[PDB]
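Report on one structure; see the data block that follows.
As the structure lists them, so they are numbered: ligands from 1, and atoms in each ligand from 1. Heavy-atom basis, side chains included; hydrogens, waters and symmetry copies ignored. Throughout, a chain's letter reflects where its sequence line sits, starting with A, and its residues are numbered from 1.
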Amino acid sequence: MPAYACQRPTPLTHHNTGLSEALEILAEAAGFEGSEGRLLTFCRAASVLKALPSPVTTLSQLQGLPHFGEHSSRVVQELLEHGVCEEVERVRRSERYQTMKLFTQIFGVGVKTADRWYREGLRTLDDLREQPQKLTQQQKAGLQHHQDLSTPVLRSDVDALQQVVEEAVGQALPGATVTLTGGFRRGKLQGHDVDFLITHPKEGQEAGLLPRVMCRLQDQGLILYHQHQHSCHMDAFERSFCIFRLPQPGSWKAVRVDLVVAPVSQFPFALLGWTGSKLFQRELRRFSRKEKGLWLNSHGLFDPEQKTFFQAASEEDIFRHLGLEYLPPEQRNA
DNA sequence: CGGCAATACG
DNA sequence: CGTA
DNA sequence: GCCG
Ligand SMILES: O=c1ccn([C@H]2C[C@H](O)[C@@H](COP(=O)(O)NP(=O)(O)OP(=O)(O)O)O2)c(=O)[nH]1
Ligand SMILES: [Cl-]
Ligand SMILES: [Cl-]
Ligand SMILES: [Cl-]
Ligand SMILES: [Cl-]
Ligand SMILES: [Mg+2]
Ligand SMILES: [Mg+2]
Ligand SMILES: [Mg+2]
Ligand code: NA
């Protein structure tokens with residue numbers, strides 16, 4: 001089993017679901033406490049189990065697996081012997097974990113804000129709603145639409161939203177393309193949002209696109225919220241983090257939609273980064289830097305010795321530049 | 001210990 | 001601070 | 001928390 005997640009296929013569904021889920025609780029809790037190193041290790045150990053070809057049924061099978069030390073192995077030992085891990089269960093039940101999970105899952109709220117609120121004594125969504133003047137516009141939107149944003153996004157929602165975005169993008173710029181990215185590109189059946197990457201075959205024509213797209217969506221009454229970021233080789237892409245009004249039979253629900261626009265020259269890097277998973281990209285970038293001495297981000301791949309950027313016409317190019325066997329998106333579910 | 005992905009945007 |  |  002190789003050490004980096006980008007060196008091994010990791011499918012969406014696998015043979016150690018229970019064990020990985022327990023380790024991911026501990027990762028999540030580590031994050032709430034500001035222990036980013038511990039979070040990373042628990043995430044990696046969970047991912048190692050996702051990549052295994054069959055179920056772990058005995059402690060000996062952890063021998064030699066990367067990222068399994070005393071702590072992670074104990075967790076798996078307890079699950080194997082008793083069906084539960086007391087540490088995991090204590091985390092689950094704790095007021096601190098449940099409140100941080102509640103707060104951090106609000107759009108516009110991160111660990112530091114959730115922690116401050118917790119320390120201030122706040123515990124519920126209604127507690128936050130009673131102090132509106134303190135909230136950012138993004139947080140106000142996240143709270144306003146919290147129930148809907150907590151509802152899993154389904155493939156049928158994706159299909160509908162893709163048609164809407166394709167229509168608006170096609171109205172805003174002839175020849176522009178829309179590519180589904182994020183978790184649904186990796187084969188996920190449900191998600192927290194829908195992510196789309198937009199480009200145009202003639203380099204430069206994609207500039208100045210999202211205000212036109214957003215105007216056209218607003219004119220259809222589809223936009224409940226959005227936050228636009230202008231673009232800057234480009235080292236920042238134009239982006240819009242949106243909440244769409246999605247029609248449902250006799251009603252509607254709010255859905256988070258992210259739009260990002262890249263020049264076609266950088267499209268493969270953007271697609272790679274935005275397709276994830278988050279752990280897959282952290283691992284891939286770590287591998288690039290530490291093993292190959294190349295610096296990878298959403299915009300490109302830089303050789304610091306030669307001081308040159310790699311051109312890429314595909315994700316396959318990028319894996320080749322890094323000396324990695326190609327993994328399709330469905331196997332990037334680290 | 002030194003590291004842990006990435007980073008301009010607002 | 002928070003965003004992908 | 002794990003790695004080197
Ligand atoms: O911290 C991050 C967040 C996201 N990303 C990349 C990978 C992720 O798959 C992609 C889309 O971000 P989302 O927050 O939309 N996650 P994803 O689409 O994978 O799952 P979901 O939207 O269902 O939570 O952006 C990172 O690289 N680092
Ligand atoms: Cl830590
Ligand atoms: Cl899924
Ligand atoms: Cl981006
Ligand atoms: Cl590609
Ligand atoms: Mg997503
Ligand atoms: Mg997203
Ligand atoms: Mg230390
Ligand atoms: Na959040």
* By atom name, which N, O or S atom of A/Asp195 is the nearest to the Mg ion (ligand 7)? -> OD1
* Structure fact -> The reported gap from CG in A/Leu209 to CD in A/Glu206 (rounded to nearest 0.5 angstrom) is 8.5 Å
* Asked: Among A/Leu79, A/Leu52, A/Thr57, A/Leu23, which residue meets the side-chain contact (heavy atoms from CB on, under 4.5 Å) test with A/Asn16?
  -> A/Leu52
* Is A/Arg96 close enough and on-axis enough to A/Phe32, meaning under 6.0 Å and within 45°, for cation-pi? -> no
* Considering only N, O or S atoms of A/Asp193, the one closest to the Mg ion (ligand 7) -> OD2
* Minimum heavy-atom distance A/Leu327-A/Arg8, with the two atoms named -> CD1-O, 3.4 Å
* Among the N/O/S atoms of A/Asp258, select the one at the shortest distance from the Mg ion (ligand 7) and name it. => OD2
